[PDB]
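Asks: Structure incoming, see below.
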Amino acid sequence: XXXXXXXXXXXXXXXXXXXXXXXXXXXXXXXXXXXXXXXXXXXXXXXXXXXXXXXXXXXXXXXXXXXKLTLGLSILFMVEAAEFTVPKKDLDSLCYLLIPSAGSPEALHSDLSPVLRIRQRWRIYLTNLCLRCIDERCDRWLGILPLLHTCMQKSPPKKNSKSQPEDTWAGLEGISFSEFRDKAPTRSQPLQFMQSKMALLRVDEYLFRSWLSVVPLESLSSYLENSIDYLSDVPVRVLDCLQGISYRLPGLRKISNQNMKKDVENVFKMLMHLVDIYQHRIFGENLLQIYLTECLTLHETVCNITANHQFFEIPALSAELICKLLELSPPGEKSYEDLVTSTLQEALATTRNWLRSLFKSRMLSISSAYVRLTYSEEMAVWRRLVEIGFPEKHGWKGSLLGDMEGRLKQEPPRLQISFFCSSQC
Amino acid sequence: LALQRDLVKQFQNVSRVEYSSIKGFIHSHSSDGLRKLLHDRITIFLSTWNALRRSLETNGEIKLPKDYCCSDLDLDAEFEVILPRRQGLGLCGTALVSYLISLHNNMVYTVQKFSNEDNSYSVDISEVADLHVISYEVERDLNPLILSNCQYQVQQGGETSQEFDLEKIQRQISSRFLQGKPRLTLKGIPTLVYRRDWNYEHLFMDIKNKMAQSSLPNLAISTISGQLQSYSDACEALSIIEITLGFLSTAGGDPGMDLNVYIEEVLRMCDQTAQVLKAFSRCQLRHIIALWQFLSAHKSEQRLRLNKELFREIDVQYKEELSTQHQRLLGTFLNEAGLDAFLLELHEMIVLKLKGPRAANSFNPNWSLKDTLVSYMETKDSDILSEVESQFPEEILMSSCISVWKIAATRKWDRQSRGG
Amino acid sequence: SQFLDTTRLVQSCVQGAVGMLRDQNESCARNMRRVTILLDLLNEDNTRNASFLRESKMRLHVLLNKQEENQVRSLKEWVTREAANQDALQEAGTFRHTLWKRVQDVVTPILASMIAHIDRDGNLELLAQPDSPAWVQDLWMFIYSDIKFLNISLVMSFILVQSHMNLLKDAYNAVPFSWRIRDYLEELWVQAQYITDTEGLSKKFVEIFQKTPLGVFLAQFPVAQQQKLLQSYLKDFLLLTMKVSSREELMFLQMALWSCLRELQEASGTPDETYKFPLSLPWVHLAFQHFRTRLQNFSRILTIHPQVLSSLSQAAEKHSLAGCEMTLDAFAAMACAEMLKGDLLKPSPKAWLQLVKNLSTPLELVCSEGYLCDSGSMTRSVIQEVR
């Protein structure tokens, strides 16, 4: 009823501090609109409804003739009582009042700070907005994501899972996106928003990460090819691509269908594409070790989610990626020598363990006077994983071929020869 | 001091601080009020530094290098200057606090020397507050105090003289601002210990202070050297004795009756083997430092006689071979020599004072081995120095200390093996 | 998992972990007592020792996981790395004993690094004293089982186990983790002071503490535990904040701060929403922030002229003192002035003047204008007698 009007006017007058002639006159016009709607009133479902109708008329004039941050913040503080139950469609509008349009610098949100000065109350207002409009529209709440990333701390430079999960990295921390990005494929529409509102990436340091954390895996390589224009300006965000892919994989199970194999194949080919477009300017100001540790972690992860022994393309790509980062790296010194040696050691360790994991209990079995491989794509696995080019002074040539020779020599010489002239070798 | 207590409370680590600047440290806090309080305390720190950063270079007792006291520190400076260490770049905060304590204490001392003649009121620096420090202002405290004591005087003949009564001003300053203050002891100065492992010399000094320590019996040496002829047993015995000397550093016990029966099986030790304890059977607790050096030299000479590399942590700076006439003088020393004490003490000096890199800052490999050996033995004034170490060749250098110990130990093993 | 006897492993690493610990050089070094306590309560004789096992193994689990994330993958395979370490194989004898000593060497400094975090100011005796009350061990095992409340970080070395209270001869604390609760409440104080202006700061600080997980643990106690907890936290708060060079000086400062609490709980007229939590740990911090200058003046009086203590020991029996109003600074003032009254010139004519000059500034501060903010009539009457 009209007992929350005194508290609303008091807190809006508190909001008149650290503003300029915006929220106080809004409080006065709200009081005048309430007094105008006081003619022949009704129960408490009428007062909030008429005040929301006046706020919706103000928002219609705010998005029709002049097309606004303070108006959306004030409507957040008004609708904290959740007045828009049947006016749920107004979620299309309020989010539009909160996308920082023409708000391109981060210094601009440093300038539009003090209307939302204290950084914990409007953070939970904006977060309850994001969790609320995440229903069967859920396309515009990403435009809020600049605002509540100016209501929190700086960006974590440490790598994947050594200090932070999904939430601390992407900067969401209240939103259950891990269930939302694994859905029936009817949610390409967010990237359509990300296709148009891409200029918002100069606002944040989190929006690239959070946007990587919302897109489905079948649509992420498109997100990787639309982001070439932004990553041209700032070429250290390839590391954010690697962390955002090594975050999505271990939450995914074993790769079981051809679509998921093709999706992670496109993602790895686009990571290679983004690597060999630019330079070791990707490796700027000595960021190499995090790239190598990140792609070793990505290799260990993506070797653990393939077991079908015909999906060798995916660890093959994740070892060609560590190949590309080692061949495109700048040599200075001895520390670089130790780094490339160690990185190649643990990559071959992961590769050999994966190979001994999915090649089990014999190599070639006959059973019908028709000797053949029991793993029908086994020689393709060995050709692909040996014929990728690491440097010669390291391993990868003696070790993997020695593994294959040891696997073949477990067969009797009558059958080791009979396969060799059976039109499959 | 609130700043430095908070930082010691937060950063009691070594080589861990991942912050470039002070702005990198203030802005890394999630809560805003803690960030504001931290910024205010660092602002007070930097203003007080920039005030005193030339009296510290001259009048302070913490002699700090001139790279520190030359520039005006602002929030873009290094994070290390607000941490209270005692080595480098964090001597700024320690020197500042020491200089303010010296200012306060010399003022309190002059006040007491004048009139009070003694005072035992002395609070610690880990609990100072606003009412323990000499605190005044100049606008609202000293200028009215001086103006109320500039007395005017007009004679009949006609003039107007000003005059300060200096005793009244001394009394009012010494009464309002300087009396009732403690003498701030330097007891709980906030600091980071900056160090992982301090070496065994101070620990052996602590055991020698808390306890009585004698040499091993000649029967006990035979018992220990008989029971752990295996290598793994000697390694286990040395591990146990190192754990127990870590405990007997911070405490003590009866030098008689070693802590086997009353601690090392009833206080849940529960793990050690039989022949190690049968070596330790004929020992007491006045036989711990001697047992440590016996077991360490024993482990090294068993590494020797089984043909393994036997120092491996001492750098190559002290590991070069003797030449011919050097080892002829060594051999004519070793003919008349107490080998079992000489190589024991020499191995002690090697494994305590020579630990690889940056040891030639104090243990130059161009000295004479005799003089540095008798200096190392006279630091703790041993009776082991009384033997044939005065008959050592005075021209053997410290570059060949390891090979002298190998020649002496190989001669000991050849005697006790070819004889019996 | 039954791949390794972890309880026997921890029991074997106890002595090597406590032997890495150093106090602050005069604190009646507690390594033998830590060994005796930790070997008496790393068993499963009870369900209390079993709780200490489950959470000690959980803290080892999380600290070893946080160590292994920065570990490279070649050092993360500890058995394969240990079969190639020829010197460790050769110093341990067999291969089992090599693997077991490797796990000893990994777990021992981590275990030392957590003993240095849950022992300081003598916290392990509250877990190990006979018939300590159930709220003590429940609060101990609550704060110890909470990862983000009590943050343990990582460091053949020396770990400094730093003492905050600097207590008397075996005067270990009475609340389980007094320093951590004191630091936690100061963090909430600075946060609530930044948020709320200085009119509802008491309400906001009490309600912020009641919404927090330690506050909602302490609210589940019945009242007879909460009163014991509040008294013990007054004692530990004064040991953490001030330094008492007596036990009677501690009891007078405890009476003083308790009467300050009861004065601030009667300053507001009739709220009856925040006095629904009167036995709450933020009230100690509120009382000290509102009466800091008088408490430090009173301890300065007890420090300069200690012979007033016996006189206060009469005056308490004259008054049944420390009610609902802070007066101990005033009665210490009056007793010091009465002692200087009776002693005219008796040690010497000079040493009497020395006692007067030593007690000048606290007595002139006590009977001054900006000293007593708002007290009752009887405190001001004692101040008139002191004047």
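Note that each Cβ is placed from the backbone with ideal geometry, even for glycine, and that neighbours are counted across all protein chains shown. Read-outs throughout are calculated quantities, based only on the coordinates presented, and are distinct from any laboratory measurement.
Conditions (1) within 11 Å of chain C (Cβ to nearest Cβ); (2) out of contact with any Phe, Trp or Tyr (no Cβ under 6 Å at 6 or more places or on another chain); (3) crowded, with 19+ Cβ neighbours inside 10 Å, marked per residue:
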| residue | (1), (2), (3) |
| --- | --- |
| B:170 | no, yes, no |
| B:179 | yes, yes, yes |
| B:184 | no, yes, yes |
| B:187 | yes, yes, no |
| B:191 | yes, yes, no |
| B:213 | no, yes, no |
| B:227 | no, yes, yes |
| B:238 | yes, yes, yes |
| B:244 | yes, yes, yes |
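Asks: Which ranges mark the helices (runs of 4 or more DSSP H) fully within segment A:208-312 that have 3 or more residues being among the basic types (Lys, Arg)?
Replies: Numbers: elements: A:220-226, A:228-233, A:238-248, A:258-277, A:288-304.
Here the list reads A:258-277.
Condition check ((1) touching a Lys or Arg at 6+ places or on another chain (Cβ under 9 Å); (2) surrounded by fewer than 17 Cβ atoms within 10 Å (Cβ to Cβ); (3) under 24 Å from residue B:304 (Cβ atoms); (4) not acidic (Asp, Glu)) across all residues:
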{"position": "B:343", "(1), (2), (3), (4)": "yes, no, yes, yes"}
{"position": "B:361", "(1), (2), (3), (4)": "no, yes, no, yes"}
{"position": "B:365", "(1), (2), (3), (4)": "no, no, yes, yes"}
{"position": "B:371", "(1), (2), (3), (4)": "no, yes, no, no"}
{"position": "B:395", "(1), (2), (3), (4)": "yes, yes, no, no"}
{"position": "B:404", "(1), (2), (3), (4)": "no, no, yes, yes"}
{"position": "B:407", "(1), (2), (3), (4)": "no, no, yes, yes"}
{"position": "B:410", "(1), (2), (3), (4)": "yes, yes, yes, yes"}
{"position": "B:418", "(1), (2), (3), (4)": "no, yes, yes, yes"}
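Asks: Quick one: which of C:230, C:239 is touching an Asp or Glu at 6+ places or on another chain (Cβ under 9 Å) and either in a helix (DSSP H, G or I) or aromatic (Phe, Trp, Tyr) (or both)?
Replies: Just a single option satisfies the conditions, and that option is C:239.
Asks: Any idea which residue in segment B:90-113 is farthest from the other protein chains (Cβ to nearest Cβ), counting only those that are within 30 Å of residue B:11 (Cβ to Cβ) and among the hydroxyl-bearing types (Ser, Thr, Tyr)?
Replies: Filtering first and then ranking leaves B:99.
Asks: With the structure loaded, tell me whether residue A:380 is more than 14 Å from every other protein chain (Cβ to nearest Cβ), among the aliphatic types (A, V, I, L, M) and more than 23 Å from residue A:304 (Cβ to Cβ) or whether it fails that test.
Replies: Working: more than 14 Å from every other protein chain (Cβ to nearest Cβ): yes; among the aliphatic types (A, V, I, L, M): yes; more than 23 Å from residue A:304 (Cβ to Cβ): no.
Taking the combined requirement at face value, the residue does not satisfy it.
Asks: If residue C:375 satisfies all but one of (1) out of contact with any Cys (no Cβ under 8 Å at 6 or more places or on another chain); (2) assigned to a helix (DSSP H, G or I), what's the number of the condition it fails?
Replies: All conditions are met except number (2).
Table: residues versus (1) surrounded by 14 or more Cβ atoms within 10 Å (Cβ to Cβ); (2) more than 14 Å from every other protein chain (Cβ to nearest Cβ); (3) in contact with a helix residue (DSSP H, G or I) (Cβ under 9 Å, 6 or more places away or on another chain).
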position: C:52; (1), (2), (3): yes, yes, yes
position: C:56; (1), (2), (3): yes, yes, yes
position: C:70; (1), (2), (3): no, no, no
position: C:75; (1), (2), (3): no, no, yes
position: C:82; (1), (2), (3): yes, yes, yes
position: C:86; (1), (2), (3): no, no, no
position: C:89; (1), (2), (3): yes, no, yes
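Asks: Let me confirm something: among B:57, B:18, B:61, B:78, which residue is within 13 Å of chain C (Cβ to nearest Cβ), over 24 Å from residue C:164 (Cα atoms) and under 27 Å from the mean Cα position of the chain (by Cα)? Even if it seems obvious, please write down each step before you answer.
Replies: Working: B:57 fails: within 13 Å of chain C (Cβ to nearest Cβ); B:61 fails: within 13 Å of chain C (Cβ to nearest Cβ); B:78 fails: within 13 Å of chain C (Cβ to nearest Cβ).
The conditions single out B:18.
Asks: Another question, then. Name the pairs: first residue in segment B:346-375 and over 21 Å from residue B:295 (Cβ atoms), second residue exposed (fewer than 14 other Cβ atoms within 10 Å of the Cβ) and not β-branched (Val, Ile, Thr), Cβ to Cβ under 6 Å, at least 6 apart or on different chains?
Replies: Taking only residues 6 or more apart or on different chains, the pairs are B:356/B:313; B:368/B:394; B:370/B:394.
Asks: Here is a further query. Condition first: in a helix (DSSP H, G or I), surrounded by 15 or more Cβ atoms within 10 Å (Cβ to Cβ) and either more than 8 Å from chain B (Cβ to nearest Cβ) or hydroxyl-bearing (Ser, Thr, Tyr) (or both). Now tell me which residues in segment C:8-39 satisfy that. Spell out the reasoning first.
Replies: Going through segment C:8-39, the residues in a helix (DSSP H, G or I) turn out to be C:8-18, C:31-39.
Subset that is surrounded by 15 or more Cβ atoms within 10 Å (Cβ to Cβ): C:9-18, C:31-39.
Selection gives C:9, C:10, C:12, C:13, C:17, C:33, C:34, C:36, C:37, C:38.
Asks: For residues that are of a type outside the set (A, V, I, L, M) and in a helix (DSSP H, G or I), scanning just segment A:136-160, find the one that is surrounded by the fewest Cβ atoms within 10 Å (Cβ to Cβ).
Replies: A:143
Asks: Return the residue satisfying two criteria in turn: it lies in segment B:64-119 and is among the small types (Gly, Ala, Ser) and not in a helix (DSSP H, G or I), and of such residues it is nearest to residue B:21 (Cα to Cα).
Replies: Going through segment B:64-119, the residues among the small types (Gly, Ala, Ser) turn out to be B:71, B:77, B:88, B:90, B:93, B:95, B:98, B:102, B:115.
Restricting the remaining residues to those that are not in a helix (DSSP H, G or I) gives B:71, B:77, B:88, B:90.
Numbers: B:71: 15, B:77: 6, B:88: 16, B:90: 13 Å.
Looking at residues that are among the small types (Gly, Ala, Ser) and not in a helix (DSSP H, G or I), I get B:77.
Residue-wise test of (1) outside any loop (DSSP other than H, G, I, E, B); (2) closer than 30 Å to residue B:285 by Cβ; (3) hydroxyl-bearing (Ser, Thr, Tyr).
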| site | (1), (2), (3) |
| --- | --- |
| B:182 | no, no, no |
| B:195 | no, yes, no |
| B:201 | yes, yes, no |
| B:207 | yes, yes, no |
| B:219 | yes, yes, no |
| B:232 | yes, yes, yes |
| B:238 | yes, yes, no |
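Asks: Select from segment B:122-154 the residues that are assigned to a loop (DSSP other than H, G, I, E, B) and away from chain C (no Cβ under 14 Å) and list them in ascending order.
Replies: B:137, B:148, B:149, B:154, listed by residue number.
Asks: Given A:361, A:318, which one is closer than 19 Å to residue A:382 by Cα, in a helix (DSSP H, G or I) and more than 14 Å from chain C (Cβ to nearest Cβ)?
Replies: Answer to the check: A:318.
Asks: Which one is surrounded by the most Cβ atoms within 10 Å (Cβ to Cβ), of the residues in segment A:379-407 that are within 34 Å of the chain's Cα centre (by Cα) and part of a helix (DSSP H, G or I)?
Replies: Residues of segment A:379-407 within 34 Å of the chain's Cα centre (by Cα): A:380-391, A:396.
Narrowing further to those that are part of a helix (DSSP H, G or I): A:380-386.
On the way: A:380: 15, A:381: 22, A:382: 18, A:383: 12, A:384: 17, A:385: 20, A:386: 16.
Looking at residues that are within 34 Å of the chain's Cα centre (by Cα) and part of a helix (DSSP H, G or I), I get A:381.
Asks: Same structure, new question: Which numbered condition trips up residue B:116, out of (1) surrounded by 11 or more Cβ atoms within 10 Å (Cβ to Cβ); (2) within 30 Å of residue C:166 (Cα to Cα); (3) within 14 Å of chain C (Cβ to nearest Cβ); (4) not basic (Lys, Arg)?
Replies: (2)
Asks: If you don't mind, another one. Just checking, which of C:240, C:160, C:201, C:154 is touching a strand residue (DSSP E or B) at 6+ places or on another chain (Cβ under 6 Å) and within 13 Å of chain B (Cβ to nearest Cβ)?
Replies: C:160
Asks: Kindly evaluate residue A:352 against the criterion of being closer than 30 Å to residue A:419 by Cα, charged (D, E, K, R) and surrounded by fewer than 15 Cβ atoms within 10 Å (Cβ to Cβ).
Replies: no
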